[PDB]
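Chemist: here is the sequence, then the experimental structure:
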Amino acid sequence: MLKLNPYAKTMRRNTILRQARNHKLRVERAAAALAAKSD
Amino acid sequence: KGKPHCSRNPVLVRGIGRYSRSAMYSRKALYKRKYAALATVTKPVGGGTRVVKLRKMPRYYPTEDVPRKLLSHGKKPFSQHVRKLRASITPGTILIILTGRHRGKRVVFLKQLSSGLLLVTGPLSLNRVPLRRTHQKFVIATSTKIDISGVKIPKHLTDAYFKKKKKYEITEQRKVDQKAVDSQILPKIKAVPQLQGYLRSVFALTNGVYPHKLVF
Amino acid sequence: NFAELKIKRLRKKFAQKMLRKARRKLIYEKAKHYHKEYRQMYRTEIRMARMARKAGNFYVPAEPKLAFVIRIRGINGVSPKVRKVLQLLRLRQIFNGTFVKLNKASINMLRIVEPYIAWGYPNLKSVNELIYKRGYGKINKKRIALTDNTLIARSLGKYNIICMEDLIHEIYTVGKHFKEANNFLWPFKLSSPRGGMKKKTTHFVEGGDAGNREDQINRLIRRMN
Amino acid sequence: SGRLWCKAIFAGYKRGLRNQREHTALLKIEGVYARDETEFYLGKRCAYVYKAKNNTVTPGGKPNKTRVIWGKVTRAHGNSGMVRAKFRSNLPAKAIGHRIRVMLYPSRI
Amino acid sequence: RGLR
RNA sequence: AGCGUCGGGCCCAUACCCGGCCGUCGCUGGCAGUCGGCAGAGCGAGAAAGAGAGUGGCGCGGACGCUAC
RNA sequence: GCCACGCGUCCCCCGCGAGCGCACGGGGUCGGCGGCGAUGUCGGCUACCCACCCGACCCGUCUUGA
RNA sequence: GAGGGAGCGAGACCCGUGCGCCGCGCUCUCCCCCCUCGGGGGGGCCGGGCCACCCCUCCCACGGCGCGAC
Ligand SMILES: [Mg+2]
Ligand SMILES: [Mg+2]
Ligand SMILES: [Mg+2]
Ligand SMILES: [Mg+2]
Ligand SMILES: [Mg+2]
Ligand SMILES: [Mg+2]
Ligand SMILES: [Mg+2]
Ligand SMILES: [Mg+2]
């Protein structure tokens, strides 16, 4: 795919970092939910 | 002159770096790193001296030759291959050695070797089964592990140790290896109740028992 | 001598190396600029809506420039007025596909053969899948595979069409040089539909597959590819 | 020291109404009646056994009369626990309604 | 030459 | 296991797809370049054309090949 | 986060650096293995007979139609 | 799992080697530091725009409202 269209490195390099960061936020919201009911 | 450093950019996925080449020019620090710009042998004789040749052309040629072959690229050999392993099989787990003349027996795993074949030992005392190799593909993983972490089993044993030659007599060294691993493990298996009975016992199917259906 | 010639031959290869690199960097920059383009195109069509509803009116979007046609039935016993049209659209085999720019002239023919085809308005991903996976150019009257850009530059360099991406751009934006871009493409040999078909004979509205099924063509492509 | 294989019956070949493509074979395994269930057996080595008049070799032993045709469970067939299987040589129709020993030892676990 |  | 309205799932044709093989047609395609101590082994590449003359400033070596009906 | 990095000169405003490895890369390889055997055993498509499963109306001809 | 002579290099001061085109990119030819047990693994090494937060307001597009003009 790169031999034909090389920009795919950046297009598939992003959309990974994005997802990991957003996964961190999902977990942070769950722990803060436990903090809100407990506190 | 410089010792070889590791790859600077980490691996996220096979063949894709984490960082971009523009941050990389910096990290490598290219801003301050620009550049610009036998066959004949002499020998003595008891005459003169003879200048002999090495690697002389062959005295006979054959009647016809096969041609050259093309360069394929990705085909590494077996020694150099990477060796996989299932999640179930960790050292300690109990295996069902299904196929060989030692059929359906229950036996403890020690270690994957370089080749990828499994080191297995159905305690010779109990099962009458020595240190034997097997293959993963022909083996069931039970969920009944034990904490085998603390023994310093010898390094010397290996694939070439188990490799066939071409009568078989049992070596004293073989007897030592068996005895040496036994003295270490046997109390842990005799500590847990009924388990030595289970090990002496052999696995075997019977009526109304279907592998897909049941679970273990 | 074979001294000065060696050094000269090295300069010639070095020049052609730098040239190939430069074409590579150029290619990259066209593609990133088109990503920015597509993103903009998609957002604005919503923004027009939100603001329209705020005022209380209705936003009517533009008519679709492009349609993706598929022949669903076979070669036996077909009216000759049809056959002529069909072979003008290059639909000689069953489960063959073609792109078609729209206008009164084309749409009246597709009306005349409604029962034999299934068409609609295809999405961008479907265009990628089709071109990339099954791209085969008509080069010197020969069905040759679209595996390197050289094969394109030789033929279409005169329209500044150097790569798969520019091709895509023209297709989705039905630009100037559609005729040449499509006539370059060999009729798409699509396979039989995974999952199945509802009923070959009848129109969509009476529960069939023929005729205009605007967007559901994408679902059908995913089942056929 | 016991039964180390699941039972299956050779129901018939792959076939339409008036044509049978006998290079493929249909198994009906005992106690399995759903496509969920047949995902276990995938990949497994089947083995049709038979016995013949004259004495033949036997690997690891003296020559027996028994012989074998090895095979392989290809993929599921149908919705009610039937299953396709492709044997290395094509099967005889005599065997219709008989036993085949599906083994276990290409495990998928 | 600028690379130099 | 009938009648009417419908869902998922599922079955196979010498039809469709991917791959192997035979023959024919088309490209009026390519190949006489096996140019060897008179040698230096390329001319598939996005862009009309030249690996062009000159003149001032030790060891003796290198596979197949082409009945051109 | 960036396929952004001599100096001098030009514009708008403030033609030769070499070196070494990895591989989803112009069509599969192992530099990996195991069993049987000199008088009853191995291979032997075709061709000899028998069995089973499915398929299957006797040829030539005139004929719109066998 | 069809196919089977792709050549790399060194150059008329040599005569080799058969991992070679296209394509992705690691280290050394800079210098320091850090961690797990000489080997293995890390942090990096300085300049410049851009967008990131907050204060100001220019050009075009489209929509709405108001005053005014034809
Ligand atoms: Mg299906
Ligand atoms: Mg019948
Ligand atoms: Mg028996
Ligand atoms: Mg068929
Ligand atoms: Mg084909
Ligand atoms: Mg007659
Ligand atoms: Mg007649
Ligand atoms: Mg008559």
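Modeler: Now that the structure is in, tell me what you want to look at. Numbering: from 1, shown residues only, chains lettered A, B, ... in the order given. Ligands and ions are numbered 1, 2, ... in the order given.

Chemist: can you tell me how far the residue in chain D that RNA strand F sits nearest to is from chain C?
Modeler: At 3.0 Å from RNA strand F, residue D:16 is the closest residue in chain D, using Cβ to the nearest atom of the strand. For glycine as for every other residue, the C-beta is placed from the backbone atoms N, C-alpha and C. Here residue D:16 is placed at a distance of 18 Å from chain C (Cβ to the nearest Cβ, to the nearest Å).

Chemist: can you give me the strands for chain B?
Modeler: B:11-13, B:16-17, B:40-44, B:49-53, B:94-97, B:105-112, B:118-121, B:131-134, B:139-141 (DSSP state E).

Chemist: can you list those strands in a markdown table and add mean neighbour count and distance to chain D?
Modeler: As requested, these are exported to a markdown table (neighbours: other Cβ atoms under 10 Å in any protein chain shown; distance: least, Cβ to the nearest Cβ, whole Å):
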| stretch | mean neighbour count | distance to chain D |
| --- | --- | --- |
| strand B:11-13 | 11 | 26 |
| strand B:16-17 | 14 | 31 |
| strand B:40-44 | 8 | 57 |
| strand B:49-53 | 9 | 56 |
| strand B:94-97 | 20 | 9 |
| strand B:105-112 | 19 | 10 |
| strand B:118-121 | 20 | 13 |
| strand B:131-134 | 16 | 11 |
| strand B:139-141 | 20 | 6 |
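
Chemist: next, count neighbours for residue 30.
Modeler: You didn't pick a chain, so chain A it is. 10 (other Cβ atoms under 10 Å in any protein chain shown).

Chemist: that answer is for a different chain, and I need it for chain D
Modeler: Here the number of neighbours of residue D:30 (other Cβ under 10 Å) works out to 11.

Chemist: most proximal residue of chain D with respect to RNA strand H?
Modeler: Closest point on chain D to RNA strand H, by Cβ to the nearest atom of the strand, is residue D:88, at 13.7 Å.

Chemist: residues contacting that residue?
Modeler: Contact partners of residue D:88, counting by Cβ atoms under 8 Å, 6 or more residues apart in numbering or on different chains, are D:69, D:70, D:71, D:72.

Chemist: need the contact list for the second one.
Modeler: Residue D:70 is in contact with D:45, D:46, D:47, D:48, D:87, D:88, counting by Cβ under 8 Å, 6+ apart.

Chemist: same question for the helix or strand containing it: list its buried residues.
Modeler: Under the criterion of DSSP states H and E, residue D:70 resides in strand D:64-72. Judged by neighbour count (16 or more other Cβ atoms under 10 Å in any protein chain shown), strand D:64-72 contains these buried residues: D:69, D:71.

Chemist: equivalent analysis for stretch B:184-198, please.
Modeler: B:185, B:188, B:189, B:195, B:196.

Chemist: ditto for stretch B:76-92
Modeler: Buried residues in stretch B:76-92, defined by neighbour count with 16+ other Cβ under 10 Å: B:88, B:89, B:91, B:92.

Chemist: CSV for those, including distance to residue B:136?
Modeler: Compiled in CSV, those are given as follows (distance: Cβ to Cβ, whole Å):
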residue, distance to residue B:136
B:88, 10
B:89, 7
B:91, 14
B:92, 16
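
Chemist: and those residues near RNA strand F, which?
Modeler: Among the buried residues of stretch B:76-92, not one lies near RNA strand F by Cβ under 7 Å from any atom of the strand.

Chemist: ok, which stretches of chain D are strands?
Modeler: Under DSSP E, chain D gives strands at D:6-16, D:19-29, D:47-56, D:64-72, D:76-77, D:82-87, D:99-102.

Chemist: now the helices for chain B?
Modeler: Listed in chain order, the helices of chain B (DSSP state H) span residues B:21-28, B:159-162, B:172-191, B:195-200.

Chemist: quick one: closest of those to residue C:24.
Modeler: The minimum distance between residue C:24 and these falls on helix B:21-28, with 13.1 Å, by Cβ to Cβ.

Chemist: surely residue C:66 meets residue C:120?
Modeler: No. Checked against Cβ atoms under 8 Å, the pair residue C:66 and residue C:120 is beyond contact range at 10.0 Å.

Chemist: pick out whichever of those two has more residues nearby.
Modeler: More crowded of residue C:66 and residue C:120, by other Cβ under 10 Å: residue C:120, with 22 against 17.

Chemist: check contacts around that one.
Modeler: Contacts for residue C:120 (Cβ under 8 Å, 6+ apart) come out as C:67, C:68, C:212, C:213, C:214, C:215, C:216, C:217.

Chemist: quick revisit: what is the distance between the strand holding residue D:70 and the centre of its chain?
Modeler: Distance, stretch centre to chain centre, for strand D:64-72: 11 Å (Cα atoms, centre = their mean, to the nearest Å).

Chemist: same check, this time on stretch D:10-27
Modeler: On Cα atoms, centre = their mean, the centre of stretch D:10-27 falls 14 Å from the chain's centre.

Chemist: list the buried residues for that stretch?
Modeler: Within stretch D:10-27, the residues scored as buried using 16+ other Cβ under 10 Å are D:10, D:12, D:13, D:24, D:25, D:26, D:27.

Chemist: now swap in stretch C:131-138 and tell me
Modeler: Buried, per 16+ other Cβ under 10 Å, within stretch C:131-138: C:131, C:134, C:135, C:136, C:137.

Chemist: how about those residues in CSV, adding distance to RNA strand H?
Modeler: Shown next, in CSV, are the buried residues of stretch C:131-138 (distance: Cβ to the nearest atom of the strand, whole Å):
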residue, distance to RNA strand H
C:131, 19
C:134, 19
C:135, 18
C:136, 19
C:137, 18
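
Chemist: pretty sure residue C:212 sits against residue C:204.
Modeler: Yes. Applying Cβ under 8 Å as the test, residue C:212 and residue C:204 come out as touching, 7.3 Å apart.

Chemist: overlap of the contact sets of those two?
Modeler: Counting by Cβ under 8 Å, 6+ apart, nothing touches both residue C:212 and residue C:204.

Chemist: what's the longest helix in chain C?
Modeler: Chain C, longest helix under DSSP H: helix C:4-55.

Chemist: do that one and RNA strand H meet at all?
Modeler: Yes. Interface with RNA strand H: helix C:4-55 contributes C:6, C:20, C:21, C:24, C:48, C:51, C:52, C:54, C:55 (Cβ under 7 Å from any atom of the strand).

Chemist: closest one of these to residue C:109?
Modeler: Among the residues of helix C:4-55 next to RNA strand H, and counting by Cβ to Cβ, the member closest to residue C:109 is residue C:48, at 32.6 Å.

Chemist: any idea which element residue C:133 lies in?
Modeler: Using DSSP H and E, the element containing residue C:133 is helix C:124-134.

Chemist: check contacts around residue B:209.
Modeler: Residue B:209 neighbours (Cβ under 8 Å, 6+ apart): none.

Chemist: related to what we said a few turns ago, tell me which of the contacts of residue C:120 fall in strands.
Modeler: Among the contacts of residue C:120, the members that lie in strands (by DSSP E) are C:67, C:68, C:212.

Chemist: which of those residues lies closest to chain D?
Modeler: residue C:68 (33.4 Å; Cβ to the nearest Cβ).

Chemist: the closest one contacts residue C:99, doesn't it?
Modeler: Yes. Here residue C:68 reaches residue C:99: they are 6.2 Å apart, a contact under Cβ under 8 Å.

Chemist: so for these two, which residue has more residues nearby?
Modeler: residue C:68 (22 against 19).

Chemist: buried subset of the contacts of residue C:120?
Modeler: C:67, C:68, C:212, C:213, C:217.
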